[PDB]
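Read the single chain below, which is given as structure tokens and is the form solved without rhodamine 6G (RHQ).
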């Protein structure tokens, strides 16, 4: 099972969804097409199980990391920096948008992806709701500002080889510009 997932993960990271064939996963992960079935049934179901795991891993990683930032202003900066460095979730965004746009008509897995989408945004909701409570800023629509922050950041992370220190400088600058736009 774990042999199939990891190879699935990296193949999707490198080549995206469509280009990664079920056979190529079965080829490199030394297992039958019938062994992937029963465990995962279908390639789409395989993909959703990977995203479920990725969100948890990311969520746990952030659960432990946010403790390191006192104020919510710092939690924003820090969260945004981690999204660069992390190995969870953000490296699969290309595949996620590739997968999202095809199967957005099918609601069985659309709903599931909104479920996953809500949690990836909720991190920002808490940060801004908490900032409001502790007088760090004033926001009347935390939901809107959360949606914007997440996707803006996801934009910087996905679209910007590339020097890792330079990406952090750019992200810190974004973080600065955004927070001071609230103030």
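Residue numbers count along the first chain shown, from 1.
S.K.: So residue 160 and residue 161 are neighbours in the shown sequence, but is anything from the deposited sequence left out between them? Give the count as none, 1 to 3, 4 to 9, or 10 or more.
M.R.: Per the record, 1 to 3 deposited residues are absent between residue 160 and residue 161.
S.K.: Mean CA temperature factor from the deposited coordinates, higher in 35-43 or in 57-65?
M.R.: Higher of the two, by average CA B-factor, is 35-43.
S.K.: Return whichever of 167-175 and 16-24 has the greater mean Cα B factor according to the PDB record.
M.R.: Mean CA B-factor is higher for 16-24.
S.K.: For the listed 101, 87, 71, 80, which has the peak Cα B-factor recorded in the PDB entry?
M.R.: Of the options given, 101 has the highest CA B-factor in the PDB entry.
S.K.: Would you check the entry's CA temperature factor for residue 138 and let me know if it's in the chain's lowest, middle or highest third?
M.R.: It belongs to the middle third of the chain when residues are ordered by C-alpha B-factor.
S.K.: Taking only the Cα B-factors deposited for this chain, tell me whether residue 30 sits in the lowest, middle or highest third.
M.R.: Highest third - that is where residue 30 ends up once the chain's C-alpha B-factors are sorted.
There is also a form deposited with rhodamine 6G (RHQ) bound; it is not shown, and the following applies to it.
S.K.: Open or blocked? Place rhodamine 6G (RHQ) on this chain by superposing the surrounding C-alphas onto its site in the entry with it bound, and call it blocked when 3 or more ligand atoms come within 2.4 Å of backbone or C-beta atoms.
M.R.: Answer blocked: 3 or more ligand atoms come within 2.4 Å of backbone or C-beta.
S.K.: Tell me the stretch among 22-30, 37-45, 149-157, 131-139 that has any heavy atom within 4.5 angstroms of rhodamine 6G (RHQ) in the entry with it bound.
M.R.: Flagged stretch: 149-157.
S.K.: Kindly confirm or deny that 61, 83 and 117 each have some heavy atom within 4.5 angstroms of rhodamine 6G (RHQ) in the entry with it bound.
M.R.: Verified in the entry with it bound; spot residues all in contact, yes.
S.K.: So in the entry with it bound, does residue 90 come within 4.5 Å of rhodamine 6G (RHQ), heavy atom to heavy atom?
M.R.: Contact with rhodamine 6G (RHQ), yes.
S.K.: I'd like to know whether residue 51 contacts rhodamine 6G (RHQ) in the entry with it bound, with contact meaning heavy atoms within 4.5 angstroms.
M.R.: Judged by the heavy-atom cut-off of 4.5 Å, residue 51 is in contact with rhodamine 6G (RHQ) in the entry with it bound.
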